[PDB]
There are 4 protein chains.
Amino acid sequence: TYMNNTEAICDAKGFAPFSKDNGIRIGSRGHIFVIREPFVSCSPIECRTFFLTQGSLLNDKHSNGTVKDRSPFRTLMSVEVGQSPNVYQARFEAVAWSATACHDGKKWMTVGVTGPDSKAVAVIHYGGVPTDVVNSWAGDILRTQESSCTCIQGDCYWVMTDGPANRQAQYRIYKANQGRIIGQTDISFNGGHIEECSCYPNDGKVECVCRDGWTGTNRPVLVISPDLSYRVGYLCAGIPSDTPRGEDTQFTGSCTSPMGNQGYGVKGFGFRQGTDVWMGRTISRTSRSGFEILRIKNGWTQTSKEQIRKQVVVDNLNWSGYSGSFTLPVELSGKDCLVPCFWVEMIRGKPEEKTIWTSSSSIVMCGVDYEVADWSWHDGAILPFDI
Amino acid sequence: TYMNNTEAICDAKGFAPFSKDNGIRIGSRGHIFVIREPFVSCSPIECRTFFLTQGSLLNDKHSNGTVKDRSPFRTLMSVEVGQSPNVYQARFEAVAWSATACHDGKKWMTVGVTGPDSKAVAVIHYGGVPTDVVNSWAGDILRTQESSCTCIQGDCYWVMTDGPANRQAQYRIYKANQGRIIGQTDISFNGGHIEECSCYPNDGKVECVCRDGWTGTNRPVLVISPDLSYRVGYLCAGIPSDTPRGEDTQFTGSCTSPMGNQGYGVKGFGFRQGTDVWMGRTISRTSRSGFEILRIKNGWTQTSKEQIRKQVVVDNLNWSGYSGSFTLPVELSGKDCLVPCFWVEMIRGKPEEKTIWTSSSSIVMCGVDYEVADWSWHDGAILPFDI
Amino acid sequence: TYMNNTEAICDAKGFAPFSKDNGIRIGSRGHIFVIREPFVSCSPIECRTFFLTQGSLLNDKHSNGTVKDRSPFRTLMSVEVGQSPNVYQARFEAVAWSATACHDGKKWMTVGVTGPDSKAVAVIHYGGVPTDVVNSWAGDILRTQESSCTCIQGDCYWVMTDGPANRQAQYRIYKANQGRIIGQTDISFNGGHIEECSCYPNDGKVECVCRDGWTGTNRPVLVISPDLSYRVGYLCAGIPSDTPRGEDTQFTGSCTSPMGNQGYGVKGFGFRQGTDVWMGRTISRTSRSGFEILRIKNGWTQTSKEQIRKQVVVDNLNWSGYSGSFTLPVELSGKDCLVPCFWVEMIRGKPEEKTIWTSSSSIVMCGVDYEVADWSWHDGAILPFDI
Amino acid sequence: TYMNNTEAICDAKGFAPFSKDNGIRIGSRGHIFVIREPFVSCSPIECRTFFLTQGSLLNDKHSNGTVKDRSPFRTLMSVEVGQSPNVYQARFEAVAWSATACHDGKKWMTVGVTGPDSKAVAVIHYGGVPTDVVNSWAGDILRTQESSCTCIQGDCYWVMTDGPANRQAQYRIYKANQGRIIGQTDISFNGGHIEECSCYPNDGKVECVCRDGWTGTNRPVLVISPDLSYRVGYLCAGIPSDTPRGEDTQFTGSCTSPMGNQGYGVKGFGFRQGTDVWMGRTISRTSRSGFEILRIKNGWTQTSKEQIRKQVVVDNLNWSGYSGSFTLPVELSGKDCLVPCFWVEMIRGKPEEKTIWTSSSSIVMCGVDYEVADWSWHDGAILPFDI
Ligand SMILES: CCC(CC)O[C@@H]1C=C(C(=O)O)C[C@H](N)[C@H]1NC(C)=O
Ligand SMILES: CCC(CC)O[C@@H]1C=C(C(=O)O)C[C@H](N)[C@H]1NC(C)=O
Ligand SMILES: CCC(CC)O[C@@H]1C=C(C(=O)O)C[C@H](N)[C@H]1NC(C)=O
Ligand SMILES: CCC(CC)O[C@@H]1C=C(C(=O)O)C[C@H](N)[C@H]1NC(C)=O
């Protein structure tokens, strides 16, 4: 039966560790898929860690130039949380070099984009087989979330971007019901930019903290309603949460336009706490090192820079990376509110390291009503590997 | 309960990628079964990739002369689609150096042929254990489909060939109901030739595009009815779809007799689109390189050479191979028509390559109502291996 | 619900291959348990291959003196038929250097004997945990079947031997009902000898063809009734079916006493066909090479040497070994008679080979109403290994 | 439905082997998690072996200083009993360098402590996801049982220690009901010490034989009632069961205070047999070698030193280690009394051995009404490894 994800997100004063795969460390001797862009999405029975394999393993020659991003070998596969992305416990999702996934209370929906940049196709699967399709609509890398999509009473929604990664682009919202696409929307956001969004459900509306790859050091937000009516802009808070980013001191927040004179970024997330917001970010304002998450007061609605809580999960002496949001189905947590959880991708190898390869590890963190102590659950692998 | 595969095949304007195992690439460091003659068949809950192991793994000495075709070590085993043919996730089917499989809505039926060429036996299994048997009837390699067989309301049908691979032979159609053989038919087709057929269900009749290994560059077709009454000949279309094959320019199609002065071939498939036909074929008219699929107008009934669609899945600079047909049970796809899907075997190693071994990789492609862009999802392994 | 194994065995004119694991070949590169004394037993949903691990894998230093027979490392584990005895797909049964197993229509019963020779204990498990126990009763290696035990309407029976492997000994029959021992019997058979029996169900009575290790070249039989009343002696037939054995020419059969002047043997089996008997045996009368099975007319009741069928499964140029009997539950085969099946252990390494290790492979063969052609599905591994 | 663990423990005259994983031996060539602090806990369908991985495998460089105890890589994972702690059959529990687990008749509850010593957090999970949390309450290594916790009619209880491992500390009892903490207790035991308790259910009250790391050679006991009212002290018996420990001759038992002038220890267990007690202990009074278990008459209530039974499981020429208690749910054993079972950790490597690494193997032993013969089912690995 369908999963009602109508409830509001729970209010947490801190997050507790869910799991840690140790994929790379383990990957030093075991048969682990060299991957990247990992993420967690739960069904009403278990959570699984979805990844993107480079079509190869670690400590193997085929692990070589796996820094290339897109290729025909990458395929979306999944395993139960905590388990490393290994071959023998791996479940095949879809052929993809960019994917997204979500359960709805019955079957798993997956969407894997692959093919040429100028004509890539996004194949949606439902129950272990493709049901519908989307063709690149703007001939420039049809890419999607790299994060869990959202299902609310049988209808799962997600966001996609087609255009250049730098300047302006075209963003759309897709809505489905059993693998089948049932309507979509064009997002008007000129001057703005949306990439690899992180969503979660909160009151029958889908909230996403995306990635402005153009002119944004402050991340963009977008609330989606069940009838494609939407709302978009940037997370207000007078604090930037992208990387590379400028300092907090010299940064004025903006609920409306992008702020900062930086032009890149990394995938991140953020949760709406009433008006307050929990925002993840790399300790380093420049590199992809360390991961932290702060709660700015009234930061979801005001240019606030007033924090009441902070907590680190990866110190600045350890490689960080991507971050995503999802929720613990009420049918698992037992709460009467959607427990807010998130993950951190820990990339190892090129470019910041001397190795023929590039992969990443992850760790999962969930809500909690208590405040959880700063610490580091970093990758741990000793590079370089045997090669 | 039994699966009604009475519906007609759906009409597609193009195919979308289902999966890609990367068995060989992965096989460079992992424990993957050196195999060949792979194929996909679905049950009303999942699709599995059936293969033929050489009784050994990759990057191992026992991978040696695995180019030999038949031996006592080869056994039919299966894994969920997309997953590579690995040992730890492998399910044992039957002892075979030539097999076929199909689900019927309850249990899986498998038929594995093995033993000596002059007296090989085809052991049929049902539910994880052999139920009936067939003895070679013409003492010359009792071989079968290497493709998914067809079940329509409790009765699964398939085709077999006993005789020389070159000149004339003896073809038969077998019909069963729960592992148990319930009647059969002799196919009169003198001058004609049938090998490794590819079937699928379309309107309660079983359609197969087989392989003329004698004098056919154009492939043979055969519509089987539920009471063994059948119909046979070649796919009409003024275009040859076998390899080796002559050019299209100098080829007149023939709904009746084989055409072309070539005497070999490879396993292929084809779908009946109304009167139109989707036909797969290697880009190369000579070697086993590249894979493509065209839709010739009215090509199922007329000597047509009028195509309205084309699409590549493996460019001519990459190894191709076998191709097969199957369908997505309505109980998975949710359609009201049997979604047409197919796979491409990508052989690597001897003979076209310098390696002690020979194996292959596969990729799955399904129906779709939209037109899907040309591209290549080729093997990817870097040969030779460590040996 | 309980499985009625009251029916008679089906009458076969030949056997067809069920499976072949290729454990050793595969074991050359994969992680396979170095084992020995393998056997198959089925439940009403699947058959599994039970083995005895040496507590180590192949191509490893811990594979060393694994020719030793008994040790504290050996444990009974199982995997679905056909699958090799690998670690990652392995199910733990019991701690044993001698075991037996059987399902009853609900849960799996296993009995693993281990410990010191003068006080070994046989731990019986039911449903994945030990329920009852048996202590050595004659202080000289408490050993059992190494073959599937028999369950008939909730009560599973098996046989055990305590005494010297050479001269006289003490044999007993054990009967249980849900892991719990419910009565037993002492077998009076002075001058006779019983070891590693092979049983199967036939008309609510348990038939076993055991192994006379004392003075028997002709094997012993014993029909057990549901109330421990039994019947014992040797398989009549004027043909010996043990190894080492004397020729057939100079051998007079004996339904009563052991025959032949040989003092060793190997584990074998035999089926009661009306009055006729199917008897397995190594082609070689001296070494453990090749496996064959003949059907002597009226050989279950008369000193017959009149065969009507023969069939080889492993030619005399390939290593053979142990053989066992079991049946395909009616709830799998669908018959109205218990399909007779058997397996052949193919031992490789010491003593007949130059390797630090010793293990074995198996192959499964089942009933069938047709006659199946001679052939060889031998091990296949290339020794010696990397060591 | 909830599991009533109200019954009394069964009365055994000896224990029989349940399983043996051979993790290390196997770990010489296979992909086994280098671990430590293993333990068994059963649900009403199966028992699983829970462990603590060092976030790495064996025969790998990441196996290095795994003697360190606490780190961010260690995570609690589990596998079915007998199976080794391998990657491909491993189930992820929680992020922990100190854990405890128990089923309640529906879902599995796990509690993994991790993080910094001065602020570690104990994350409790229920059904495959964290439900509640506990923060270090005395800033000095928040650690727990390393043994199965106890559930009685929906409420699972366990014990934790926060303070120095040497002198005085703070002990607490936690009670939950579906991952959610429902009340707790402070244990007054000045001069006393409690660490890594071993509990089991006996008459609706939780009995634990813990570890006095301060001044105890005799172990402490504590009976917990369903309303947090408790009872504490040391196991009476005039025999010490800790290591290091003084001799039995010069040791007077004490139901009240710690006895002996030793200041360390190892994790152990003990069962209440009426008034009698089964107590496990290392043969060696000094090192962690050999494992034995005795039954002292009236030793649960009197300073007794009168034994009626003894039995060894690991001779003094083989490495021993940790020991724990649990029970076989009535829904598995079928008894009308909770069968008493236990396990022995067999540590190999540093410190007692010359290897870069440190791990351990285990073996499981259960109740039984018969007396079981002394023997040794020691590790078996040949060190040092390939490194
Ligand atoms: C093509 C632009 C896109 C969004 C900015 O780039 C991403 C950035 C990445 C990055 O910043 O590390 C890695 C992702 N693998 C990549 N996505 C694809 C499809 O290549
Ligand atoms: C024996 C003739 C048969 C059909 C033409 O050959 C096939 C052709 C093959 C090929 O053309 O590559 C490979 C198949 N493995 C082989 N089948 C068997 C049983 O050996
Ligand atoms: C101890 C005598 C017993 C029965 C004859 O020996 C068997 C013969 C064997 C053999 O002949 O190869 C191998 C078995 N592993 C062994 N059983 C045990 C427990 O060691
Ligand atoms: C910190 C004290 C604690 C209880 C005495 O130490 C244990 C003793 C151990 C030991 O004596 O071998 C190993 C355990 N891994 C360790 N627990 C932790 C959390 O490090």
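Heads up, chain D uses Swiss-Prot numbers, so what you see runs 81-467.
When the header is checked for method, it gives X-ray crystallography, 2.4 Å.
The backbone N, Cα and C atoms fix where each Cβ goes, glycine too.
Disulfide connectivity taken from Swiss-Prot links D:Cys316 to one of D:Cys290, D:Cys335, namely D:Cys335. According to Swiss-Prot, the residue from D:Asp242, D:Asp322, D:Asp328 that belongs to the Ca(2+) site alongside D:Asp292, D:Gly296 is D:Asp322. Rounded to a whole number, the C-alpha distance linking D:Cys288 (disulfide bond) with D:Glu275 (substrate binding site) is 10 angstrom. In this structure, the CA atom of D:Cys316 (disulfide bond) is 18 Å away from the CA atom of D:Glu275 (substrate binding site). Of all the recorded positions in the record (D:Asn144, D:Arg150, D:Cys182, D:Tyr402), the one with the smallest CA separation from D:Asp292 (Ca(2+) binding site) is D:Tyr402. With a cut-off of under 6 Å between the Cβ and any atom of ligand 4, the recorded positions D:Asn144, D:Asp149, D:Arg150, D:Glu275, D:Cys446 reduce to D:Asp149, D:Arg150, D:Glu275. Proximity to chain C (Cβ-Cβ distance under 8 Å) holds for the following recorded positions out of D:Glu275, D:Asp322, D:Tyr402, D:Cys417, D:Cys446: D:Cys446. Not one of the recorded positions D:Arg116, D:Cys231, D:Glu276 places a Cβ under 6 Å from an atom of ligand 3.
Among the listed disulfide-bonded residues, namely D:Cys122, D:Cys316, D:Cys446, the Cβ with the most fellow Cβ atoms inside 10 Å is that of D:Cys446. The separation of D:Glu276 (substrate binding site) from D:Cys231 (disulfide bond), Cα to Cα, is 17 Å. The record assigns D:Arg116, D:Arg150, D:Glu275, D:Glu276, D:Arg291, D:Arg368 to the substrate binding site, and the maximum Cα to Cα distance across that set is 20 Å. If you take the Cα of D:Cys446 (disulfide bond) and the Cα of D:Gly296 (Ca(2+) binding site), they are about 27 angstrom apart, rounded to a whole number.
Distances between the Cα of D:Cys277 (disulfide bond) and those of the binding-site residues D:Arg150, D:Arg291, D:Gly296, D:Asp322 are shortest for D:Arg291. Between the CA atoms of D:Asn398 (N-linked glycosylation site) and D:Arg150 (substrate binding site) there is a gap of 26 Å, rounded to the nearest whole number. Of D:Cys182, D:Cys335, D:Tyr402, D:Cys421, all annotated as recorded positions, the residue with the shortest Cα distance to D:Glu275 (substrate binding site) is D:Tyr402. Of all the Cβ atoms in the protein chains shown, 22 others lie within 10 Å of the Cβ of D:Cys90 (disulfide bond).
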